[PDB]
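First the structure, in the form of structure tokens, and then the observations on it.
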Amino acid sequence: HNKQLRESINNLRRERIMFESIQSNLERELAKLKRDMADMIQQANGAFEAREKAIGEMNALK
Amino acid sequence: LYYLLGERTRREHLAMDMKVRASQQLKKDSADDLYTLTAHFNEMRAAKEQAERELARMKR
Amino acid sequence: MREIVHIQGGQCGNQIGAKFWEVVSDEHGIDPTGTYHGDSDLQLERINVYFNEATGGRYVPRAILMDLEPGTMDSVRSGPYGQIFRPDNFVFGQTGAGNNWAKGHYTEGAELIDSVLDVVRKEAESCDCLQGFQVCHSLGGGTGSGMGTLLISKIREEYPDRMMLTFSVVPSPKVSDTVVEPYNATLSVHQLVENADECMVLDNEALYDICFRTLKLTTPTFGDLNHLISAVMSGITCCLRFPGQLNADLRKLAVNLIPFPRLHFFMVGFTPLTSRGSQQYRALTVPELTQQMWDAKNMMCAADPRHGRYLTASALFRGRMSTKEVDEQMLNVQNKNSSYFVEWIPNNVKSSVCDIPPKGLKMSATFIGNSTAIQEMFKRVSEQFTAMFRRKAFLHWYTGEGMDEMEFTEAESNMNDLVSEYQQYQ
Amino acid sequence: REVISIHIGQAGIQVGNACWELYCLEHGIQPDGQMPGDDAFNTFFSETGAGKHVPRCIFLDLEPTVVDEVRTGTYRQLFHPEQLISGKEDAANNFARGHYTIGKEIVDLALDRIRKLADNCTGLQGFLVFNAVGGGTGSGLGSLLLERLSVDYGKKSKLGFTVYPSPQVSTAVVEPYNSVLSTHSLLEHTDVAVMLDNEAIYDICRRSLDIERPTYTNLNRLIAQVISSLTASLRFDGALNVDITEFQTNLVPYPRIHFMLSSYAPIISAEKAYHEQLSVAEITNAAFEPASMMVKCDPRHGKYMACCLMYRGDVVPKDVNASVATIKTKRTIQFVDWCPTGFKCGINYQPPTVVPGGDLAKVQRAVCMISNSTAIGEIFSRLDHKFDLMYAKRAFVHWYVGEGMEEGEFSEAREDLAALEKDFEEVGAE
Amino acid sequence: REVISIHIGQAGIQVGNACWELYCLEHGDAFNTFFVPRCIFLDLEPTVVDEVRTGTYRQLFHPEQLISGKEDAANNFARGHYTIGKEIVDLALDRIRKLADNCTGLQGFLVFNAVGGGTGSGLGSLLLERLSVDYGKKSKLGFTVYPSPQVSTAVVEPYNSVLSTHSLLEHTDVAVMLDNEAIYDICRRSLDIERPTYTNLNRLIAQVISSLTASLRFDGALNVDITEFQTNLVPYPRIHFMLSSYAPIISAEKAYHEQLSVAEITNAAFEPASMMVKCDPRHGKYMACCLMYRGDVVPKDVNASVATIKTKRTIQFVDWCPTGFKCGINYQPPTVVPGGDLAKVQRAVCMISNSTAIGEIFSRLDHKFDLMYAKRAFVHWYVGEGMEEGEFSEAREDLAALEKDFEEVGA
Amino acid sequence: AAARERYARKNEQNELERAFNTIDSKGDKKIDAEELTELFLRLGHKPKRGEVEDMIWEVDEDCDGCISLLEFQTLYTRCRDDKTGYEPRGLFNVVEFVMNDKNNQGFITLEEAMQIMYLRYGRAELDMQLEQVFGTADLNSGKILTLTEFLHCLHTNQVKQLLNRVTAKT
Amino acid sequence: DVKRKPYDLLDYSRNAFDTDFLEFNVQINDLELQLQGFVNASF
Ligand SMILES: Nc1nc2c(ncn2[C@@H]2O[C@H](COP(=O)(O)OP(=O)(O)OP(=O)(O)O)[C@@H](O)[C@H]2O)c(=O)[nH]1
Ligand SMILES: Nc1nc2c(ncn2[C@@H]2O[C@H](COP(=O)(O)OP(=O)(O)OP(=O)(O)O)[C@@H](O)[C@H]2O)c(=O)[nH]1
Ligand SMILES: Nc1nc2c(ncn2[C@@H]2O[C@H](COP(=O)(O)OP(=O)(O)O)[C@@H](O)[C@H]2O)c(=O)[nH]1
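Chains as they are written, first to last, in UniProt numbering: chain A, 152 to 213; chain B, 201 to 260; chain C, 1 to 426; chain D, 2 to 37, 45 to 438; chain E, 2 to 29, 47 to 53, 62 to 437; chain F, 4 to 173; chain G, 465 to 507.
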């Protein structure tokens, strides 16, 4: 009976390995996605900043 | 003792599973955010293509 | 499914069980040769609780006969339904105890109970999920008291998480067969308080008055008393063998009826019990069953509950009946006679219904009441024990065999604290 | 629009043997499972293979006999064998044995059967559980199963139709302990929980159904009618429909007040049916008198928070709305001040059918009322008296403590129910 | 399009007694791939072979095809490899040659053996060696029976299993593991036979074999021949040991109530409670899966089901293989055998995958083998038969290399 | 009671790091079952046939096989705050002994410092784990500490409430 | 409180002050950390 209990415990610990492994992959993927989030925000912001400049010069020239 | 070690290990494994499930929610919705936000970038991109187009018209 | 092995000790235990297996086999439709002849499927589906199919429709009872004299064992195989028991289950000494509890507990026990335990162990592992054990014995004899007592102690050490019943007749001053009855009673009960899960107190006085006034018999031989006791024992286990509207196993009754762990001695009754002159003039209703059930004279113990208060009570009903009548009858019998029931427990009566009556009757009942009046019996034997012990009469067969003086003093002390804690909880 | 129904314990699956008989008879399905559009049956039965219908239900119990009669009964074919769960030994009116000793190994199998039932469904409305809190199987693994359901789904509705132990009519002794320890989880795990006393159903069938000797069969029969009446809105189209997520919002004014008094109308016998016509006006009256309620308690001592009204049959919204107006302007019953409108009505077209051998007459139209009030607070106090009455000397606690419990949960659960008493009382106060 | 099947040992030809019963019943031009049958039973004990000769199929089998020796191998790999195999193996392969000569488009050979015995291990390995020399390029499908950890009928079966697998690496191209304890558990759990014999086991093994060769016998929406398993499931030349599973293994009572569709049976084929090998695929990481579909199945839902599997997280996949599936659809529904314990089904699925849970089995076997070998127990029997002390240790180190290979690839 | 524990951890951390390195005999970070026997020999105690395997089995719970310094702090902290956890403590004891050692034969009065840190307890409670008396000192070794701790944990674990429960009198 | 206790401090005939010293040694560090927080708290 002790041996039976031992095997059940070993199983839960082994099941933990793959879960924690896939969790590490998910953090990496979410990190890659969120870094891209910051980079794309900056690019969109640059276009907007450029836009107000172009509109101001057009109005001023007139 | 072993009958209770098993309960603590089961608790630890479930605490990881509910964590894994929550991680998938973060993965999914963040992908959705990229689609909506890149649409926003295209709209601003479209705005400036039309914008510098009419500037040159006024210059000529 | 759930299985109960049967253990019969001594002469009283052996003869009680012989009539028990006859009555049970008639309920399931097995002829004395041990073959199946029933009609309904409800009889074949629940014979694994008490029997094992051997080969070709051979159903053998799951019972163990155990004693110290050959006369009892031979008297079993002589009578009908005597050929159904497996001969290996006749664990059996030869010398005898001689109504000497020490000889049944220290001298002769040491060489038989090991053999008894082998057969009992084989019958426990022969089944899958034990519900409990069932022991029928006396408290005044030697080979029933001492032999069965040590067996009970050893069994509880082996299988502790399992139920256990002991159907025990106790001695009383008016029906006094042996002379050393108090020495046997107080020591035997001293073991039952710490070993048995729950015990059912029986005595011969009540049996004699049931056959005098209710049954109105002229020559009540021991066959009729054993016939009465068998109907009660079949009633306590009908829930395991037949489906019903409200099932109640052994564990369900014990956990519900025993409010404190040492207070597990019960008083029993049975209904209906009617004479042949009045078996035609009666009706069969739940209230008619209830009053004859709760009657003081109809208790199968000579301890009047109306001298005290009821702690808990239980009813096991058998037959096609309406559960509303069951519940409203228990409520009414508790409301009119409100003083006879304990106060700090509301609804002191648990009830259950099974849909299969005993063969030959339309509707029956079985009462199991845990009252506080039982302390009378403990005092009634305790003073007789102290009266004898304060001059050391009949002591040399006790002290010369292995008991010391402190064992009897331990017995009195445990006797006295139990009657004192009954007095507190009442 | 699929909902699965789970039955826990002896009383639980007995109620189910009435409901499923009634259900198959409504949709013309033979007891062997085959029919000799029409998707109304889908909410309870999945069409397997060709011309075969399987219910969306599991029976489970710790004792073998009560489940076994169903296996060999008339409906051997209707239910897939795996659904009918059984144990090896009973909990024996012991909450601890059902929550720590035997539940712990039966409920894992239960949930991985529940898993694929939910997976087979598509637009799962919710669950509905059937148990009596007096026993051990219904209480112990009942509360346990609810806890595990809350961590599995959480957001999905869990309709719990529970039977409380009646004050006077009772079969067990230790059922006070069972009810308190079970309620302690019935609070924060069930979304919507309906009480069903036993004395009420007994007293109804003695007066209205004029059956002087009623057994459990008739009790289970009328419970099926109530359940059928609030699922008719999923099964058949109506003039004004209400779904299972409407009780969530309209009947629970606070996250710890979900205990509803059920009542049905008209409970009328076969012969009186001829003599009295049953229009909408008189039946809307009959849905409020305490002589036709499913819990023996007096709502006159309390004030209503919100009520729901199922109507079945040929009912137009005109006269039912007029009748609801008439009820609110009367003063033999009263409403809580801050809630001006206390009702939610609903009408569905199909009339309730009759089962052969049943005692309900064939009626033009019927009403099922599900209200919420403060008379529920009287039951909890009445229960506290006789629970504490026995606990003050530690009676029967030795079984539960030996089975795995301690002194902490008696004291802490008792005081938690006491806090619940204060919650009902404070809301009542203006 | 023809494939011939050889059956070795008491276990191999009893399995064959179920396989050919199913084949002839199934075919009552499509039969050309199997039909006289294209088989050779061969064994060293004549008792089981003469059961075939006096059975009901006395006329079906050509008399010479039934090969039978004169004395047993005594459960000794050495005896069945060097002493008695040397006389029977030459007659066996001299028959396989002209059976292959009668064929024209031979896909490959498929062998049935149990590695715990003497014949199945010894001359089974010997026969595979000489076939690799003679043909080489033709596929050899090896359906072996490895010994279970806790259920065992012999004592020295660790010796035979290690000594057989050492050659099973470089001889068979496709190798399918089937334990007995796992199938016992399957027949107890799903088929609810509380008392199963070898007959029930051999019956559902034949169902698996027939399901993976049905693509040749009958045209399907997406056919998959014997060369596809060779390519799509073996990422490296030394990893070829495949878990097998089949669904639905359902009794008559349960099947009619259940609604069998592709998504749920694709799920059922991936739980460890329905595999033919007692191993925990959760303990491992999948490399590649192959899904055989028979019956009424359209390509949509098989693709939908495979998508749900890849997104679930109780089972994880290897990083070197993102597209780890090879599906196959065939029109013909699975046939039944009168007396068989399986009910008729509209559609069935046979999964043949590859993981690292098998890497756990070989370590578990190595420990038991290692314990007995150190104190030279039972070694003297094999040495007397013609072997020596060297080859036990060298076979041990070969399994050690395999353990390292699984731990490294899974990384 | 927190201050005793926090202050104790503040000082024992540096002792613990060297205790780890010293237990290792291969100059690596991994503690093999092989090393444990060598340590016991240094203490002067002998393991049983399967003791070491249990010792390695119970501690490690994030991977299988040899142990790592990360597992070792996890064990340390969990066991230290374990008190009402009914948790394993097979390899905690040997390390706590080595850290609480500075004499290289064992320690005498320092048990009390160990005891007070775990709980104020009582002089009678001290007479439970061992037989040390306030005035007298003793000689001690590895043999007499591990065995007594292990036995005490088995003694507490056994006692539970079945019919040993006691209710206030009527 | 330490210097009001019945035992003589110079005598090793009692040897029970060895629990008083390890109670003193914890509130000395408590005083240390209280003064450290006071320094950290006035800036
Ligand atoms: N309404 C109704 N209640 C029932 C029925 N059968 C039993 N009960 C109730 O069930 C309560 C006791 O619990 P049971 O269901 O009988 O048994 P249990 O809940 O399974 O607990 P165990 O006996 O340990 O298995 C009683 O108070 C009865 O009122 C029934 O058919 N209908
Ligand atoms: N599946 C299945 N396995 C079998 C059968 N018969 C034997 N086995 C397995 O075969 C192994 C034992 O080796 P055997 O096959 O009996 O040995 P053999 O092939 O007869 O070789 P020899 O006995 O030495 O002549 C064990 O794993 C048995 O479980 C069978 O009919 N079906
Ligand atoms: N009911 C019943 N009681 C009996 C019978 N025979 C003896 N007794 C009782 O047994 C007691 C004496 O016990 P005894 O038979 O000597 O027990 P044993 O020697 O241990 O088997 C007396 O008080 C009798 O009342 C019988 O046939 N039926």
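Note that CB positions come from ideal geometry on N, CA and C, so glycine has one too.
By the criterion of a C-beta distance shorter than 8 Å, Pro305 of chain C is surrounded in its chain by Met267, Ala296, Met299, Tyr340, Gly369, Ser371 and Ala373, once the five residues flanking it on both sides are discounted. Nearest in C-alpha terms to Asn293 of chain D, of all of D:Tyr282, D:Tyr272, D:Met313 and D:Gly310, is D:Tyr272.
Secondary-structure assignment with DSSP links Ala201 of chain D through a beta bridge to D:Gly168.
Closer than 8 Å to the CB of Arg243 of chain D there is not a single CB belonging to chain F. Using a Cβ distance threshold of 8 Å, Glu8 of chain F and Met102 of chain F do not count as a contacting pair.
Beta-bridge pairing by DSSP links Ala315 of chain C to C:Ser351 and C:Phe367. One finds nothing in chain F with a Cβ atom closer than 8 Å to the Cβ of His107 of chain D; even the nearest lies about 17 Å away. Judged by beta-carbon spacing, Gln11 of chain D lies beyond the 8 Å limit of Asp76 of chain D, meaning their Cβ atoms are not closer than that value. Each of F:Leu44, F:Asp141 and F:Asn160 was checked against the Cα of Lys86 of chain F, and the nearest Cα belongs to F:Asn160. Here the distance from the Cβ of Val16 of chain D to the nearest heavy atom of ligand 1 is below 7 Å. By the criterion of a C-beta distance shorter than 7 Å, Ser190 of chain D is surrounded in its chain by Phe103, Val141, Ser147, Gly150 and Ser151, once the five residues flanking it on both sides are discounted. Fully enclosed alpha helix (DSSP H) runs of no fewer than 4 residues occupy 72–79 and 111–128 of the segment 64–144 of chain D, in order along the chain. Neighbours of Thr173 of chain F in chain C, taken as residues at a C-beta separation under 9 Å, are given in chain order as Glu421, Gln424 and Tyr425. Residues of chain D with a Cβ closer than 7 Å to the Cβ of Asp249 of chain C are, in chain order, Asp98 and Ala100.
Residues of the segment 315–334 of chain E with a C-beta less than 7 Å from any C-beta of chain D: none at all. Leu214 of chain B sits exposed, since fewer than 16 C-beta atoms from the chains shown fall within 10 Å of its C-beta. For ligand 2, no non-hydrogen atom lies closer than 7 Å to the CB of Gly150 of chain D. DSSP, reduced to helix, strand and coil, places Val62 of chain F within a helical segment of the structure shown. Between ligand 3 and the CB of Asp177 of chain C, the shortest heavy atom gap is smaller than 7 Å. The three-state secondary structure of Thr55 of chain C, taken from DSSP, is coil. No Cβ-Cβ contact shorter than 8 Å links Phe169 of chain E with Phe135 of chain E. Taking a Cβ-Cβ cut-off of 7 Å, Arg210 of chain B has no neighbours in chain F, whose nearest Cβ is about 12 Å from it. In this chain, the beta strand (DSSP E) harbouring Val375 of chain D covers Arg373 to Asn380. In chain order, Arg339 and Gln342 make up the part of chain E whose C-beta sits under 9 Å from the C-beta of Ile173 of chain A. When Cβ-Cβ separations below 8 Å define contact, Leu204 of chain B makes contact with chain F.
Distances from the CB of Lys252 of chain C to the heavy atoms of ligand 1 include at least one below 7 Å.
One finds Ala100, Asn101, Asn102 and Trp407 in chain D with Cβ atoms closer than 7 Å to the Cβ of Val255 of chain C, taken in chain order.
Under the Cβ criterion of 8 Å, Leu473 of chain G is not counted among the residues facing chain F. Here the distance from the Cβ of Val115 of chain D to the nearest heavy atom of ligand 1 is not below 7 Å. At least one heavy atom of ligand 2 lies closer than 7 Å to the C-beta of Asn228 of chain E. Exposed is the label assigned to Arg282 of chain C, since fewer than 16 other Cβ atoms lie within 10 Å of its Cβ.
For ligand 1, a non-hydrogen atom lies closer than 7 Å to the CB of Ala99 of chain D. A check of alpha carbon separations from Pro364 of chain E across E:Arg2, E:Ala374, E:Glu22 and E:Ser6 identifies E:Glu22 as the nearest.
Within the segment 189–205 of chain A, the residues whose Cβ lies closer than 8 Å to any Cβ of chain B are, in chain order, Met191, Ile192, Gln194, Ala195, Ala198, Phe199, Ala201, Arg202 and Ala205.
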